[PDB]
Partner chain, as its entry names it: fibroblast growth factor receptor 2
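Only one chain is shown below, in structure tokens, and it's the form deposited without its partner chain.
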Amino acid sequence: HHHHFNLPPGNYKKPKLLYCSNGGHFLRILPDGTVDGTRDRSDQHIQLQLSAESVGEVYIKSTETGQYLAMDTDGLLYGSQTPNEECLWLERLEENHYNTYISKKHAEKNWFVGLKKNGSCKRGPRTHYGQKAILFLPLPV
């Protein structure tokens, strides 16, 4: 029990774009497993399908490639071909508005999904509560 339990509204019925206000990028999972952000709304690897494994626990999956968003042992995000413990995220409401995603595996370390202003992903240890990089807004595809 390392984190709060304020959950965001909305559901998982339809796929979404995960928009990061920090630099104004959409989370993207490239076919080769690379993860980053892009401002191009037409990109075909920014469409993501979320699903709940337990209340507040989700998988974030590329609808285009089927890969699951995951964070490795050194805090780097990667696209996994199969669902494993590094693919589970704690989806929470933040600043009474946005969605944040904390690694369940590394929950005690407070590692979040996060995008820098230049569109590069943040490594787990470099993220933390209070940053703009960890704030996302789910937008319709």
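Positions refer to the first chain, counted from 1.
Although not depicted, the form deposited with its partner chain bound is the subject of the following passage.
Interface membership of residue 92, defined by any non-hydrogen atom within 4.5 Å of its partner chain in the deposited complex, is confirmed. At least one heavy atom of residue 98 is located within 4.5 Å of its partner chain in the deposited complex.
In the deposited complex, 137, 138 are the residues of 124-138 with at least one heavy atom within 4.5 Å of its partner chain, listed from first to last.
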